[PDB]
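Peer 1: The structure follows.
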Amino acid sequence: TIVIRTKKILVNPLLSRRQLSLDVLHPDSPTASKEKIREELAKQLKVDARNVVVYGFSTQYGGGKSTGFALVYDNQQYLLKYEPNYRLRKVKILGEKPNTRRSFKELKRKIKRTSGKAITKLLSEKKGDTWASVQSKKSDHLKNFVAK
Amino acid sequence: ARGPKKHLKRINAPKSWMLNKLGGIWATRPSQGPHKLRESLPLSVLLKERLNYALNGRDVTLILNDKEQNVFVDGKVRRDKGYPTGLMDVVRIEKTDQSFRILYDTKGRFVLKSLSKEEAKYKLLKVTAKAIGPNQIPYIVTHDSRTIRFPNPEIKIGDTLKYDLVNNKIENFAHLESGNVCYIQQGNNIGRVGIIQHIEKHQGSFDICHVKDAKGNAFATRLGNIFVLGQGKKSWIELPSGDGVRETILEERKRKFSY
RNA sequence: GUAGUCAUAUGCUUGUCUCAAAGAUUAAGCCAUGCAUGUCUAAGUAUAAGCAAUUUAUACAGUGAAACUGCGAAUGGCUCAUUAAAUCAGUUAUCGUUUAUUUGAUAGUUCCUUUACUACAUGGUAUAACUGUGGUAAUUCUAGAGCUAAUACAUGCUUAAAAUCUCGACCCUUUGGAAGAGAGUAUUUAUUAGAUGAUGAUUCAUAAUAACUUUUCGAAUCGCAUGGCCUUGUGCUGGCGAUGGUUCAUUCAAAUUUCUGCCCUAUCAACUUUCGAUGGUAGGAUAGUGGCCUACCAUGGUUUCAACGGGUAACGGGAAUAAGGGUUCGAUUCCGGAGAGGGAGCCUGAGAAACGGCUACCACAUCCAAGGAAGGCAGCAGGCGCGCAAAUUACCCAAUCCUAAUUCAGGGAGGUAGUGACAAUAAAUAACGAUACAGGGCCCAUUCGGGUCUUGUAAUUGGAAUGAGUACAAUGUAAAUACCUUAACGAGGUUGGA
């Protein structure tokens with residue numbers, strides 16, 4: 001199978017995590033799937049898989065070696081507060097990313113031309129996804145998850 | 001011009017930040033603070049590119065905005081993406097109790113020196129101006145834009161004080177005079193540390209100074225660029241890159257690859 | 001002559017790889033269509049379930065609607081059109097000028113009414129927002145009704161006596177006791193400091209100092225932190241920040257400012273003086289320097305080192321290596337003045353000669369129930385045009401930068417693409433091999449001689465050649481992240497001469 005060598009590692013107590021460079025050796029098989037790399041790593045570190053997030057990879061011009069960077073968080077409860085909204089939909093935890101631009105630009109249109117009376121109403125119709133909403137969803141992953 | 005500038009360009013941001021040329025297009029513009037634009041290191045630079053504790057831009061936004069307080073500058077808390085940490089400062093990374101010196105290389109790049117809980121106490125201050133103000137009282141001012149009340153009177157304008165941050169107390173100062181140790185804050189010669197030889201004032205509007213050091217090199221710079229790192233040979237703080245002394249491109253080679 | 005043109009010249013048109021260019025260039029042709037600087041809590045304002053959305057702080061939870069806020073919206077960004085001018089370069093501190101920004105600092109003398117100081121168990125208002133009543137071809141319209149805020153107007157004794165400042169005897173030793181010694185600032189001048197800071201430097205300060213100034217100053221903050229102190233309600237305890245003010249320098253600046261330098265020209269000789277050409281002066285402006293002007297006068301002085309002056313559409317020009325060489329940079333102007341119909345006046349403010357604020361005027365120039373009621377996108381694209389000349393009105397703010405209020409607002413930055421020989425590159429894409437079968441060869445300059453000898457199978461072998469799909473995560477446009485790089489899973493069909 002694969003052979004991973006961990007390369008450059010820092011210790012960030014601030015965001016409570018350790019950052020490391022990864023060098024996957026797959027001489028034979030094609031680039032490793034982030035997923036599979038996620039676990040062969042968690043095993044060498046001996047840490048829950050979901051508390052280890054791996055991002056950015058490459059693949060030297062045909063040679064079976066891929067470089068990448070990963071993250072080790074101690075509390076998935078920390079990981080959930082720090083990681084980016086986009087990395088979460090990626091583990092299928094946060095979800096969708098609907099097209100805000102267009103409509104938001106159009107509401108600006110109406111609102112900029114009204115008095116408070118209606119404005120409030122309009123606002124009660126701008127494409128969802130509040131941050132207040134992002135949190136409640138983040139929170140639910142919090143309680144409902146426990147293990148390792 | 002329209003009013004007052006407000007941004008900063010990748011390309012235009014000082015070589016002291018050892019910045020990413022390809023990077024982006026801009027660069028965190030230092031906030032009006034204790035140190036001048038060019039002579040400073042905004043925190044975002046300090047953690048992201050320097051320490052490397054942060055990374056992406058939002059990484060900082062967390063660190064300095066997080067209700068925990070992870071960054072200290074001279075015994076105080078800071079939460080500004082670009083607080084201008086300047087020369088001879090002391091920065092502490094709360095969550096790890098890290099203590100650093102904000103000092104220039106020997107090649108003029110901002111370097112982070114690791115201090116022991118010991119030096120982390122004292123910080124070196126250089127004297128800006130000295131005059132008496134309100135109700136018969138004496139005031140001294142430091143480069144670090146420190147304003148001092150009732151300071152020891154044996155202190156001339158171009159002095160250097162040792163500061164006990166813990167007690168916001170002064171102790172053992174030392175003016176610049178033939179026979180001391182110094183650090184040059186900026187110039188074609190910054191990052192160097194030697195023995196003051198003599199100070200020829202020319203009054204016409206610009207006095208100069210000379211210096212010697214380890215390999216006994218001859219140095220020349222304007223007073224405004226001399227910072228007294230100490231009195232009579234003994235330096236007061238641990239210097240980065242060994243001793244404050246740079247090598248010929250020739251000496252670097254022979255030391256490293258031994259040619 | 002020669003052909004070639006390593007001439008084009010354009011004139012014919014084909015795997016895989018990308019550091020990746022494309023209406024400044026014409027006129028400084030503008031706003032079709034598309035489009036657009038607002039904003040947050042420890043933090044200032046929200047209903048004793050009519051913002052109200054819960055939910056049961058509960059005398060004010062969140063929670064937000066809306067507003068109030070309070071902020072930026074003088075930033076840029078495109079634009080020489082000018083401009084031969086310091087424009088600009090250096091090259092000036094500014095004793096000559098202004099200063100948010102940022103800190104640092106920071107502020108006892110406000111009465112003393114002839115303390116019902118009332119009494120601060122911190123004032124008054126005023127308002128929205130708000131419920132509503134409306135209007136009108138129709139407004140960022142607006143009317144009239146009511147509301148309520150308040151970190152906004154508008155304030156406002158700071159007691160509990162003899163306030164508090166400032167000598168100090170004295171002992172009484174410290175707790176010092178100290179007697180009784182005496183008593184704040186923006187705005188003015190006017191003196192005196194200043195012998196006893198500082199400059200070369202001062203009439204400098206920062207002093208005072210009086211006066212006398214429709215003149216200031218001075219946290220009716222909020223936030224958690226309310227548990228320690230004694231009291232026992234108490235008195236505190238304010239902690240700590242938020243929310244201020246203060247002046248100084250604190251960068252912010254600018255803003256001057258010397259000191260070198262645009263093309264030519266003597267066929268530039270001379271120049272400049274009615275008010276400036278000069279000096280010098282009174283003032284006044286100027287925020288504040290200045291003939292900048294009011295004067296008032298000085299006659300000034302510039303100048304062949306060509307001055308007056310002329311003529312060069314002129315908008316306009318940073319890195320570093322380097323025996324030698326190697327090389328190269330910042331990146332289509334680092335630098336850096338003048339436009340955003342015409343004109344005018346005005347606008348913000350720390351902070352605009354405010355482009356993208358006005359007005360009003362002009363002009364254009366438009367909607368219309370007749371009435372009124374528009375409108376200036378060289379910050380974009382787009383069609384006309386122009387008409388020389390070039391890609392969808394992609395993706396994201398993934399960075400990294402931006403603004404920005406206590407967050408993670410927002411960033412037309414930036415980025416990402418695509419398109420796209422754009423300039424392109426690359427230069428790598430059916431052959432390796434099984435056998436038979438064999439005609440004799442096939443070539444020559446060949447005329448005949450010569451050379452000698454495989455050559456056809458439209459015969460029978462080769463690997464599970466390889467290509468193309470399939471998870472494959474992904475350096476990865478945290479979304480491009482299946483399109484990359486994998487990985488594999490699978491998987492070969494010009495000429496001439498009859």
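Simple scheme: letters A, B, ... for chains in structure tokens order, numbers from 1 for residues in each chain, numbers from 1 for ligands in the order shown.
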If we count only C-alpha atoms (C1' of nucleotides), what is near range 21-26 of chain B at a cut-off of 6 Å, once residues fewer than 2 positions away on the same chain are taken out, given as a list in words?

Peer 2: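 The residues that qualify are residues 8, 9 and 10 of chain B; 400 and 401 of chain C.
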
Peer 1: Could you give me, as JSON lines, a per-residue list for chain A showing, wherever an atom lies at most 10 Å from an atom of chain B, the closest pair of atoms and their distance in Å to one decimal, using only C-alpha atoms and sorting by chain then residue number from low to high?

Peer 2:
{"residue": "A:10", "atom": "CA", "partner": "B:53", "partner_atom": "CA", "distance": 7.7}
{"residue": "A:11", "atom": "CA", "partner": "B:53", "partner_atom": "CA", "distance": 7.6}
{"residue": "A:12", "atom": "CA", "partner": "B:53", "partner_atom": "CA", "distance": 5.6}
{"residue": "A:13", "atom": "CA", "partner": "B:95", "partner_atom": "CA", "distance": 6.0}
{"residue": "A:14", "atom": "CA", "partner": "B:95", "partner_atom": "CA", "distance": 5.8}
{"residue": "A:15", "atom": "CA", "partner": "B:63", "partner_atom": "CA", "distance": 7.3}
{"residue": "A:16", "atom": "CA", "partner": "B:95", "partner_atom": "CA", "distance": 9.2}
{"residue": "A:17", "atom": "CA", "partner": "B:53", "partner_atom": "CA", "distance": 9.8}
{"residue": "A:18", "atom": "CA", "partner": "B:53", "partner_atom": "CA", "distance": 9.5}
{"residue": "A:19", "atom": "CA", "partner": "B:53", "partner_atom": "CA", "distance": 8.9}
{"residue": "A:82", "atom": "CA", "partner": "B:62", "partner_atom": "CA", "distance": 8.1}
{"residue": "A:83", "atom": "CA", "partner": "B:59", "partner_atom": "CA", "distance": 9.5}
{"residue": "A:84", "atom": "CA", "partner": "B:58", "partner_atom": "CA", "distance": 9.0}

Peer 1: Output as a tab-separated table one row per residue of chain C within 9 Å of chain A: the closest atom pair and its distance in Å to one decimal place, counting only C-alpha atoms (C1' of nucleotides), sorted by chain and residue number ascending.

Peer 2:
residue	atom	partner	partner_atom	distance
C:65	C1'	A:120	CA	6.2
C:66	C1'	A:116	CA	6.8
C:67	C1'	A:116	CA	8.4
C:140	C1'	A:113	CA	6.7
C:472	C1'	A:33	CA	5.4
C:473	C1'	A:33	CA	2.5
C:474	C1'	A:57	CA	5.2
C:475	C1'	A:58	CA	2.8
C:476	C1'	A:56	CA	6.3
C:478	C1'	A:86	CA	5.0
C:479	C1'	A:86	CA	7.0
C:485	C1'	A:59	CA	4.8
C:486	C1'	A:31	CA	3.4
C:487	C1'	A:30	CA	1.2
C:488	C1'	A:29	CA	5.7

Peer 1: For residue 89 in chain C, list every protein, DNA or RNA residue within 10 Å, evaluated using only C-alpha atoms (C1' of nucleotides), and leave out those in the same chain fewer than 6 positions away; present the list as a list in words.

Peer 2: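 What passes the distance filter is residues 260, 261, 317, 335 and 336 of chain C.
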
Peer 1: The selected residues should be written to file as a PDB file, in the first residue's frame (atoms: N, CA and C atoms (P, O5', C5', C4', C3', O3' and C1' of nucleotides)).

Peer 2:
ATOM      1  P     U C 260      22.072  74.962  -6.866  1.00  0.00           P
ATOM      2  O5'   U C 260      22.371  73.490  -7.414  1.00  0.00           O
ATOM      3  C5'   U C 260      22.386  73.231  -8.810  1.00  0.00           C
ATOM      4  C4'   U C 260      22.683  71.789  -9.134  1.00  0.00           C
ATOM      5  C3'   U C 260      22.432  71.380 -10.581  1.00  0.00           C
ATOM      6  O3'   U C 260      23.455  71.726 -11.481  1.00  0.00           O
ATOM      7  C1'   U C 260      21.335  69.876  -9.218  1.00  0.00           C
ATOM      8  P     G C 261      23.134  71.872 -13.048  1.00  0.00           P
ATOM      9  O5'   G C 261      21.790  71.039 -13.312  1.00  0.00           O
ATOM     10  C5'   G C 261      21.189  70.988 -14.611  1.00  0.00           C
ATOM     11  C4'   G C 261      20.391  69.720 -14.794  1.00  0.00           C
ATOM     12  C3'   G C 261      19.195  69.731 -15.752  1.00  0.00           C
ATOM     13  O3'   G C 261      19.405  69.588 -17.127  1.00  0.00           O
ATOM     14  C1'   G C 261      18.456  68.971 -13.748  1.00  0.00           C
ATOM     15  P     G C 317       9.834  63.117 -20.409  1.00  0.00           P
ATOM     16  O5'   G C 317      10.211  61.774 -19.603  1.00  0.00           O
ATOM     17  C5'   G C 317      11.529  61.465 -19.120  1.00  0.00           C
ATOM     18  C4'   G C 317      11.439  61.244 -17.633  1.00  0.00           C
ATOM     19  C3'   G C 317      12.285  60.178 -16.931  1.00  0.00           C
ATOM     20  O3'   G C 317      13.639  60.495 -16.647  1.00  0.00           O
ATOM     21  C1'   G C 317      10.054  59.964 -16.244  1.00  0.00           C
ATOM     22  P     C C 335       5.003  56.801  -8.776  1.00  0.00           P
ATOM     23  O5'   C C 335       5.620  57.386  -7.447  1.00  0.00           O
ATOM     24  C5'   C C 335       7.018  57.327  -7.243  1.00  0.00           C
ATOM     25  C4'   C C 335       7.728  58.364  -8.071  1.00  0.00           C
ATOM     26  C3'   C C 335       6.861  59.502  -8.502  1.00  0.00           C
ATOM     27  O3'   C C 335       6.441  60.283  -7.435  1.00  0.00           O
ATOM     28  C1'   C C 335       8.286  58.956 -10.266  1.00  0.00           C
ATOM     29  P     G C 336       4.885  60.268  -7.123  1.00  0.00           P
ATOM     30  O5'   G C 336       4.633  61.810  -6.923  1.00  0.00           O
ATOM     31  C5'   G C 336       5.652  62.704  -7.329  1.00  0.00           C
ATOM     32  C4'   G C 336       5.304  63.325  -8.648  1.00  0.00           C
ATOM     33  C3'   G C 336       3.829  63.382  -8.970  1.00  0.00           C
ATOM     34  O3'   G C 336       3.145  64.334  -8.182  1.00  0.00           O
ATOM     35  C1'   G C 336       5.028  62.782 -10.895  1.00  0.00           C
TER      36        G C 336
END

Peer 1: Can you tell me, as a PyMOL selection string, what residues are no more than 12 Å from residue 276 in chain C when counting only C-alpha atoms (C1' of nucleotides), ignoring any on the same chain fewer than 5 positions away?

Peer 2: chain C and resi 291-293+298-300

Peer 1: Where does DSSP see alpha helix (DSSP H) in chain A, if you list the residues as number ranges by chain?

Peer 2: A: 34-45, 76-82, 85-90, 100-111, 116-123, 131-144

Peer 1: In range 8-102 of chain A, what's strand (DSSP E or B) per DSSP? Answer as a PyMOL selection string?

Peer 2: chain A and resi 8-12+17-25+52-57+65-73

Peer 1: Which residues are close to residue 206 in chain C, i.e. within 12 Å by only C-alpha atoms (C1' of nucleotides), leaving aside same-chain residues fewer than 5 positions away? Reply as a list in words.

Peer 2: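 Counting only C-alpha atoms (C1' of nucleotides), the residues come to residues 131, 132, 133, 134, 135, 136, 137 and 138 of chain B; 193, 194, 197 and 198 of chain C.
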
Peer 1: Now that the selection is made, can you save its residues with C-alpha atoms (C1' of nucleotides) as a PDB file, in the first residue's frame?

Peer 2:
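The new file out_12.pdb reads:
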ATOM      1  CA  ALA B 131      12.694  68.934  28.212  1.00  0.00           C
ATOM      2  CA  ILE B 132      10.755  70.303  31.147  1.00  0.00           C
ATOM      3  CA  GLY B 133       6.980  70.721  30.901  1.00  0.00           C
ATOM      4  CA  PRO B 134       3.935  71.600  33.114  1.00  0.00           C
ATOM      5  CA  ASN B 135       4.383  72.972  36.645  1.00  0.00           C
ATOM      6  CA  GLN B 136       8.197  72.684  36.894  1.00  0.00           C
ATOM      7  CA  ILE B 137       8.446  69.018  35.888  1.00  0.00           C
ATOM      8  CA  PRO B 138      11.040  67.069  33.821  1.00  0.00           C
TER       9      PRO B 138
ATOM     10  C1'   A C 193      10.176  85.081  33.782  1.00  0.00           C
ATOM     11  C1'   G C 194      13.500  83.070  31.120  1.00  0.00           C
ATOM     12  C1'   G C 197      14.920  74.133  30.117  1.00  0.00           C
ATOM     13  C1'   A C 198      16.615  74.757  25.053  1.00  0.00           C
TER      14        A C 198
END

Peer 1: Could you work out which residues of chain C fall inside 8 Å of chain B? Count only C-alpha atoms (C1' of nucleotides), and format the result as a list in words.

Peer 2: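 Those within range of chain B come out as residues 74, 75, 101, 102, 103, 104, 105, 197, 198, 206, 250, 251, 252, 253, 351, 352, 399, 400, 401, 402, 408, 413 and 414 of chain C.
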
Peer 1: Find the residues around range 84-90 of chain B up to 8 Å (only C-alpha atoms (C1' of nucleotides) counted), leave out those fewer than 2 positions away in its own chain, and share them as a ChimeraX atom specification.

Peer 2: /B:30-37,39-43,73-75,82,92,99-104,120,123-125,144,185

Peer 1: For residue 106 in chain A, which residue among A:20, A:134, A:122, A:91 is the nearest when counting only C-alpha atoms?

Peer 2: A:122

Peer 1: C1' of residue 149 in chain C to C1' of residue 121 in chain C: how many Å, to one decimal?

Peer 2: 22.9 Å

Peer 1: Report, in Å to a single decimal, how far apart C1' of residue 182 in chain C and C1' of residue 166 in chain C are.

Peer 2: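 Taking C1' of residue 166 in chain C and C1' of residue 182 in chain C, their separation equals 7.1 Å.
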
Peer 1: What lies within 12 Å of residue 236 in chain B using only C-alpha atoms (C1' of nucleotides), ignoring chain neighbours under 5 positions off, as a ChimeraX atom specification?

Peer 2: /B:88,119,122-125,160-163,172-174,180-183,193,227-231

Peer 1: Taking N, CA, C and O atoms for each residue, export the selection above as a CSV table (one decimal), in the first residue's frame.

Peer 2:
chain,number,residue,atom,x,y,z
B,88,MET,N,13.6,46.7,19.4
B,88,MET,CA,13.8,46.5,20.8
B,88,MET,C,12.6,46.3,21.6
B,88,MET,O,12.5,46.8,22.7
B,119,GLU,N,15.1,38.2,30.5
B,119,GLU,CA,15.2,39.5,29.7
B,119,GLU,C,13.8,40.0,29.4
B,119,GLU,O,13.6,41.2,29.3
B,122,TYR,N,13.1,43.2,31.2
B,122,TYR,CA,13.7,44.5,30.7
B,122,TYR,C,13.6,44.7,29.2
B,122,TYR,O,13.7,43.7,28.5
B,123,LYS,N,13.5,45.9,28.8
B,123,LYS,CA,13.4,46.3,27.4
B,123,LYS,C,14.3,47.5,27.2
B,123,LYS,O,14.3,48.4,28.0
B,124,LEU,N,15.1,47.6,26.1
B,124,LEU,CA,15.9,48.7,25.9
B,124,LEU,C,15.3,49.9,25.2
B,124,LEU,O,14.7,49.8,24.1
B,125,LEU,N,15.3,51.1,25.9
B,125,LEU,CA,14.8,52.3,25.4
B,125,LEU,C,15.8,53.3,25.0
B,125,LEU,O,16.7,53.5,25.8
B,160,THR,N,20.4,56.0,26.3
B,160,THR,CA,19.8,54.7,26.2
B,160,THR,C,19.5,54.2,27.6
B,160,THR,O,20.4,54.1,28.4
B,161,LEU,N,18.2,53.9,27.8
B,161,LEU,CA,17.8,53.4,29.2
B,161,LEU,C,17.5,51.9,29.1
B,161,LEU,O,17.1,51.3,28.1
B,162,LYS,N,17.6,51.2,30.3
B,162,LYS,CA,17.2,49.8,30.5
B,162,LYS,C,15.9,50.0,31.2
B,162,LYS,O,15.8,50.7,32.2
B,163,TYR,N,14.8,49.3,30.7
B,163,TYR,CA,13.5,49.4,31.3
B,163,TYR,C,13.0,48.2,31.9
B,163,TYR,O,13.0,47.1,31.3
B,172,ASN,N,20.1,51.7,35.4
B,172,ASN,CA,21.3,51.7,34.6
B,172,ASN,C,21.1,52.3,33.2
B,172,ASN,O,20.7,51.5,32.3
B,173,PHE,N,21.4,53.5,33.0
B,173,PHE,CA,21.2,54.1,31.6
B,173,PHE,C,22.6,54.1,31.0
B,173,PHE,O,23.5,53.3,31.5
B,174,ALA,N,22.9,54.9,30.0
B,174,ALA,CA,24.2,55.0,29.4
B,174,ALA,C,24.2,55.8,28.1
B,174,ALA,O,23.5,55.4,27.1
B,180,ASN,N,31.5,53.0,23.8
B,180,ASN,CA,30.4,52.2,24.2
B,180,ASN,C,30.0,51.2,23.1
B,180,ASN,O,30.6,51.1,22.0
B,181,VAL,N,28.9,50.4,23.3
B,181,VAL,CA,28.5,49.4,22.4
B,181,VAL,C,27.2,49.9,21.8
B,181,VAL,O,26.4,50.5,22.4
B,182,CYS,N,27.0,49.6,20.5
B,182,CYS,CA,25.8,50.1,19.8
B,182,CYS,C,25.2,49.2,18.7
B,182,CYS,O,25.9,48.4,18.1
B,183,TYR,N,24.0,49.4,18.5
B,183,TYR,CA,23.2,48.8,17.5
B,183,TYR,C,22.7,49.9,16.6
B,183,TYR,O,22.3,50.9,17.1
B,193,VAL,N,26.8,45.7,15.3
B,193,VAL,CA,27.1,46.0,16.7
B,193,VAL,C,28.5,46.2,17.0
B,193,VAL,O,29.3,45.3,16.9
B,227,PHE,N,22.0,53.3,18.3
B,227,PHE,CA,21.3,52.9,19.5
B,227,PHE,C,22.3,52.3,20.4
B,227,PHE,O,23.0,51.3,20.0
B,228,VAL,N,22.4,52.8,21.6
B,228,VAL,CA,23.3,52.3,22.5
B,228,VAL,C,22.9,51.0,23.2
B,228,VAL,O,22.1,51.0,24.1
B,229,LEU,N,23.4,49.9,22.6
B,229,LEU,CA,23.1,48.6,23.1
B,229,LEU,C,23.8,48.3,24.4
B,229,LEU,O,23.6,47.2,25.0
B,230,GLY,N,24.6,49.2,24.9
B,230,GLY,CA,25.3,49.0,26.1
B,230,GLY,C,26.4,49.9,26.5
B,230,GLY,O,26.9,50.7,25.6
B,231,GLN,N,26.8,49.9,27.7
B,231,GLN,CA,27.9,50.8,28.2
B,231,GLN,C,29.2,50.0,28.3
B,231,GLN,O,29.3,49.0,29.0

Peer 1: Kindly give the distance, in Å, that separates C1' of residue 48 in chain C and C1' of residue 61 in chain C, rounded to a single decimal.

Peer 2: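 Distance between the two atoms: 12.9 Å.
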